[PDB]
Amino acid sequence: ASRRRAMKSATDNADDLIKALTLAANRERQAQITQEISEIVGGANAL
Amino acid sequence: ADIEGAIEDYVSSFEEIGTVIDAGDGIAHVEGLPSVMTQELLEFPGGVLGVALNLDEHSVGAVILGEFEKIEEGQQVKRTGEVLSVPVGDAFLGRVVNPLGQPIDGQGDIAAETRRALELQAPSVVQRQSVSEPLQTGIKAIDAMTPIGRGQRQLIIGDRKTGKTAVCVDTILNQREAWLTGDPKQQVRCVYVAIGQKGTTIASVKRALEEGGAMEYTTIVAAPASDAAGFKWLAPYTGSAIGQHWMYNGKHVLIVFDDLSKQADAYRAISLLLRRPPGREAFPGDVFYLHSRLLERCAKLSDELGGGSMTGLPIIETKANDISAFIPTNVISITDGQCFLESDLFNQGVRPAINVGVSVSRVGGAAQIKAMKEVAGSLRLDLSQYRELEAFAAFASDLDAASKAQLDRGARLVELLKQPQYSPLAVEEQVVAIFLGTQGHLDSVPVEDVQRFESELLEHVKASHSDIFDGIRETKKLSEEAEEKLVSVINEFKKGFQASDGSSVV
Amino acid sequence: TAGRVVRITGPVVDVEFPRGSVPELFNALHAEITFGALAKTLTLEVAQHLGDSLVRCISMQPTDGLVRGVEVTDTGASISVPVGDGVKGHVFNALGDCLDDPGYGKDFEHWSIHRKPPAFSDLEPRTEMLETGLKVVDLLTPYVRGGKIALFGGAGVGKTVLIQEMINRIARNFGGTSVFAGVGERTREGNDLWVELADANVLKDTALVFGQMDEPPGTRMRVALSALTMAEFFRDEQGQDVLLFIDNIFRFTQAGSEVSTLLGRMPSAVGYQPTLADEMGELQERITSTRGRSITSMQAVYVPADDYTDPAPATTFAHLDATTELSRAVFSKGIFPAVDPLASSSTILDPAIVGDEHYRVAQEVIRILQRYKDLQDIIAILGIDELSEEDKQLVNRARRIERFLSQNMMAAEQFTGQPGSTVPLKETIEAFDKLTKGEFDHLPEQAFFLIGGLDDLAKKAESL
Amino acid sequence: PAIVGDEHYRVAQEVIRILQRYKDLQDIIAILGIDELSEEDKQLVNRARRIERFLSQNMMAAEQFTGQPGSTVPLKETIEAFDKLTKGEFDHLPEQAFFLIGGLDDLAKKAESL
Ligand SMILES: Nc1ncnc2c1ncn2[C@@H]1O[C@H](COP(=O)(O)OP(=O)(O)OP(=O)(O)O)[C@@H](O)[C@H]1O
Ligand SMILES: Nc1ncnc2c1ncn2[C@@H]1O[C@H](COP(=O)(O)OP(=O)(O)OP(=O)(O)O)[C@@H](O)[C@H]1O
Ligand SMILES: [Mg+2]
Ligand SMILES: [Mg+2]
């Protein structure tokens, strides 16, 4: 019974950690896109 | 030799008309207008207005405010003679106006007292005064846990559909009792600024304020999602100017910016269209200034300047409740506290979804009335520890007597802070309600009925024992005699209260 | 002779002069705004020479209402601020105009806010610990008397409350002068600090130079130099010990970034000005203490989006003898002052300076907290119950150490109501030596929360 | 399989399969522990560690990285050794015996030295 409870808690924590890491990875994905575009258009504006 | 004189003569020589030479997606360049001021308001032939941002040697680059579709090359642009400014006055109460002060509610024109510039400096350090009197929001959670004082900047931050407008509309509605007093030192005037919100949501808000009798002291500055970036960029500033005209006259204003993340988006659009190199998340470096400039004018003026105040409830719409993003962090570092509304709590029926933990009020406490601070002093820590203990106990094999008592008290406190929309509570009713819970009088009531037991109980007090409410309202303190009378009334009511479970709540 | 305003781009104004009278860099120019409520004497600061006798300038007040062609007269000297003993006890803006007494300080000695840093031969390192009474600061991040201290932290983590706490702990009993420089913090906070210092009677010994957020970027970036010039006068001329509280120096860099965008300079990594390191060095190297005369400086550094890799904090990290990095994670657990014990550091946490006992206790605490951090990912999924029994014990005493680094700060009374407490350094070392050795790992964790000492620890333990 | 032969291809693909399964399991092992894996997966992990270490080799150009001289392993011997590993004939030897050896004879010598 304690293993059931502990593994349910572990699964819930893993799901919450997956959600947090997915939100993060989305933030760095958007930030990488932005930064790449900033570099590209900074080179463009100077040339 | 004579060239310098001759050239100088020319500069000297300068109802003057310029002509548009470029135009596109909000920005129009106007050659001529040698005597235009920076931030001057230029009127184009179709009644469209623009702000002269850049003043080059040659033409002037202006951000068009409104229908930029009607701006075309060769059109005549003529000065208004007024730096970026909007009409102000009491004629704006009960009206819906666009960021330029032009009415859009279909009623008549507004009789402005004067014109106020949108970019006047905020009160200096010596011109302000410590926030010392409360702005009752009518929300038990906010007025008990993170109280707002007049002159404070409180940030309503949360995700979509987390209940943020409501927490602002309820705050505006709760000022009707103060308005009916007729005392300028008590009346709180409201300016609800809608930036990029759906037109139907502005209509809803106006309907709610009308059915609550709140429009007779509220002004709505509407910049719906259909309007260009210029309107969504000015709307907070015109709202703050309407409010400032009252603030400097001794009146107390409540400004709601709904939502400042859309002003930031509009300013980002304008900046990128001006080809200004962006920074973090594509926002310009001025994006902080944009908001710091705006919320710094919400202040509690010193008694030398009439003692007026402007309270700001800026709204920020976080994405995936990421309170560490750029604009949210900027506004948190600008404002005096945040009411963080979580979508997790709000989806599970806890509405207002005030996350007690992250939510805080820096400037409050000094503003909270004595009775509320006495009854609600321990509420915040109790609720936070209850959330943590409920997270712990969800998987623990057993709960001690003290732990179970804490859990039972916290569940009833949460159910007590739960409150229906467009149903703000007077401060005395909130005092009694939080008294019911913090003093354990709810421990004998089943959780599911806490909302009803409370809701009915206040009615009884309004109907048969108003002396308690009158005392709390007048002396701003819950006296021990009134406390004993309230306890007696609570016990008397619990005898006749019919619980849903059937069991007596005595 | 005077010039003309040729281009206006927000708070940046281009002004053209006759070929023989182009002003030098950092000169102060005066223009006139004559429209209605915006009428003022606009103060510009020359930033670039664009050629053809044009000079690009940064406006100190908002340019709103300025017109092309208005006369601009150069003063021949840079923005000068009043300096002297009479400066103490008053509130100024970036331009030296007093706010409480509008005409005050017009006859004092005036000093340019632009000056070279002290020559390298005048600099010597400082290594004297400054006992604040905060457990975390005194143990893991010992502040340096005459050194440069910083309080990093995202939005709403307690930087300003720590600045107030260190004013209450250092400036309150300080024998010398103090200077507080708002550099883009709330005007409400400036007024609160003014009234608090007046109430504590510390105002008479401190000079305030605010230039807060509503100000344009020009003043928002020159206010730090103005306050630092007042402090430099108190240092070099009057021979006093000086406290220089700066709240917050990221707002100086941010104003610089805004100006750079307006000045036309190409953006750096993440939009900041290319001169970010140069400007920050110019500001910070002046805040150094010279050989025989000390200037203790404490600086709040806002970290945008809680990104401690942002170029501005990353640049300012190299200028500090002690750094206290406030963390959102520690804040969210209720552990005020919210210091990150692992990221914060000081240059004097060296056994030769703080002693072998202090160093040993600090390093053992850091080891325990680092091991706890390394286990954090497993603790997130499975909890302490899955760890080994040498790590389980370590994690328990790490949680107790983490909660014991918290303190009931004296500035936190306004929020909590609980009065503040001060822990002497020896008692802190003893308490943490005991905690790391496991002499308190049987008490509940909450017994260590916001307690401040061993006597209070025993008292609270009982209460629980 | 048409160029290197069916034996070489099979051994290479089995090694890659074992290593990919080990890479997938490394996340589990670091948190839930090896003891919670399946018996087959546990045996596979023990196989994969030895295979990773056996892919290491003391190259001649790296004498100044390790001190010991370089070694050359014929292709036939490599295929035979990895077929034995992937099939299990060396699960009894310690994994450190497979580190920087280069060949079956060196494997035996280093195992005896352990
Ligand atoms: N206290 C409450 N109790 C019950 N329902 C509520 C409460 N507050 C809000 N709601 C409902 O929740 C929904 C979302 O409310 P609201 O529009 O006020 O949130 P919001 O933050 O404005 O969302 P958005 O601005 O993203 O549209 C609405 O249907 C509203 O009626
Ligand atoms: N020691 C403390 N005890 C209790 N509450 C605290 C403490 N420190 C901070 N807080 C809470 O956190 C808030 C943050 O305070 P502070 O003004 O110092 O923030 P900050 O991180 O410096 O933010 P900003 O970016 O606006 O300068 C305080 O107003 C109070 O609400
Ligand atoms: Mg809404
Ligand atoms: Mg602060």
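Going by Swiss-Prot, the residues shown for chain B are 9-22, 29-520, listed in order.
For all residues, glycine too, the Cβ spot is worked out from N, Cα and C.
Among the features that Swiss-Prot reports, ATP binding site is placed at B:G172, B:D173, B:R174, B:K175, B:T176, B:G177, B:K178, B:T179. Secondary structure at B:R174 (ATP binding site), as computed by DSSP, is coil.
Counting only same-chain residues six or more apart in sequence, the Cβ atoms lying under 8 angstroms from the Cβ of B:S373 (site 'Required for activity') belong to B:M159, B:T160, B:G351, B:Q352, B:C353, B:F354. Here Swiss-Prot flags B:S373 as site 'Required for activity'.
Of the listed binding-site residues B:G172, B:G177, the Cβ environment within 10 Å is emptiest of other Cβ atoms at B:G177.
Taking a C-beta cut-off of under 8 angstroms and a sequence separation of 6 or more, B:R174 (ATP binding site) has the following same-chain neighbours: B:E331, B:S357. Neighbour counts were taken as the number of other C-beta atoms within 10 angstroms of each residue's C-beta; across the binding-site residues B:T176, B:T179, the minimum falls on B:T179.
Looking only at other Cβ atoms within 10 Å, the busiest spot among the binding-site residues B:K175, B:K178 turns out to be B:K178.
In sequence order, B:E331, B:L355, B:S357, B:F360, B:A367 are the residues of the same chain, not among B:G172, B:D173, B:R174, B:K175, B:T176, B:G177, B:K178, B:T179, whose CB sits within 8 A of the CB centroid for the ATP site.
Non-local contacts of B:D173 (ATP binding site) by the CB criterion (under 8 A, 6+ apart in sequence, same chain) comprise B:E331, B:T332, B:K333, B:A334, B:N335, B:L355, B:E356, B:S357.
Checking the binding-site residues B:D173, B:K175, B:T176, B:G177, B:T179 against ligand 1 with a 6 Å cutoff on the Cβ atom leaves B:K175, B:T176, B:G177, B:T179, in sequence order.
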